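So this first bit is one chain, no partners, the form deposited without ligand IZC, shown in structure tokens.
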């Protein structure tokens, strides 16, 4: 069989081959192959296993991995990629001890980014986002989820969504778009938040017709949107055919997790303050818990989401950068992996499954990304490390040697 490409001399290969999301104990069952090969033809994986799996094939292009570690391209299931300006001028408020919510309550935070995003032209946001997405790619992310939510109005929310589609069609990273019009409350709506929510819901039909988003998200937090508003909002979104996601129980056990499970949301994200009942509902419903360790770290806190309890309870855990200018300005998914190990107390095996398979399922791409097996798009990363434990171990840097998307190297050294 004549094929396009073959990777040889792979020191360690992680296919992450699974039949579905990995919950509980299965997150620990990492299949490791040594001295492996990977065959690619017409942008797809034709084989990925131990040396000898290439018997019967002959490739034209041969890539020597020189004993390096090879894994599927990484999946970042939660980001706010498109945004205007930056929030460095808020560093001092945080340092002074002003809480994240108090900054928001005073017209800052998300609202500050909303003003800059509304003012930035669509072309500026595109170029701006292109730079950050290119960096994400250089760190190993070949598939990512991007949320709007910095417009809080028709014009800018649609603008963010169009930029996301544009990005998806003009660079390597495959993007999953999420509409998060219900991110915060414009000051002029503080007295009628339900009216604001209805105006955001009024956008679903055109967003749907334009295929501008596949999911709907919402910030269920004290002072922001309540559980009842979130239930009504999300149920409405589901009726329109949108998948469901939620920024839940970021500080306190508000019942955001319980709601997400009851609504059978694809994922519940953040969850630092979630209760045991919430954890049980997520596991029971199969709702993926996307943890954002960088956000906790960046907020200057030390109390992280209870990942071990979630895994002990059969929850499917994932990880993300939550890349956003306000609470987690980092594109480095590898650092997220390091923080998960050091502060979420997750093992290297669990972390790898979290940033590939589980991240993929968290955004409706379980059948398309996160695994290197026959038929899958040839998206992989060749690492500057001999083993998988080394990646989360050595922190704050970029271990990427080369990144392959659709069978072509898109990042070199």
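Positions refer to the first chain, counted from 1.
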| property | result |
| --- | --- |
| Stretch exceeding the other in mean C-alpha B-factor - 243-251, 121-129 | 121-129 |
| Per the entry, higher mean C-alpha B factor between 161-169 and 139-147 | 161-169 |
| Of the residues 198, 217, 331, 269, the one carrying the largest Cα B-factor as recorded | 198 |
| Member of 55, 381, 344, 359 with the greatest C-alpha B factor (per the PDB record) | 55 |
| Third of the chain, ranked by Cα B-factor, where residue 285 sits | highest |
| Chain thirds of CA B-factor: placement of residue 67 | highest |
| Record-listed C-alpha B factor of residue 154: chain third | highest |
| Third of the chain's Cα B-factor distribution that residue 10 belongs to, per the entry | highest |
| Third of chain Cα B-factors occupied by residue 103 | middle |
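The following text describes the form solved in complex with ligand IZC, which does not appear among the structures shown.
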property: Result of superposing ligand IZC in the deposited bound form onto shown chain, 2.4 Å backbone or C-beta criterion; result: open
property: Triple contact flag 44, 172 and 174 to ligand IZC in the deposited bound form, non-hydrogen atom at 4.5 angstroms; result: no
property: Residue stretch of 234-242, 201-209, 131-139, 325-333 approaching ligand IZC in the deposited bound form, non-hydrogen atom distance within 4.5 Å; result: 325-333
property: In the deposited bound form, the one of 280, 159, 87, 168 near ligand IZC [non-hydrogen atom within 4.5 angstroms]; result: 87
property: Ligand IZC contact at residue 182 in the deposited bound form, heavy atom, 4.5 Å; result: no
property: is_contact(residue 219, ligand IZC) in the deposited bound form, heavy atom dist at most 4.5 Å; result: yes
property: Exercise: residue 250 in contact with ligand IZC in the deposited bound form, heavy atom 4.5 Å; result: yes
property: Non-hydrogen atom contact residue 110 with ligand IZC in the deposited bound form at 4.5 angstroms; result: yes
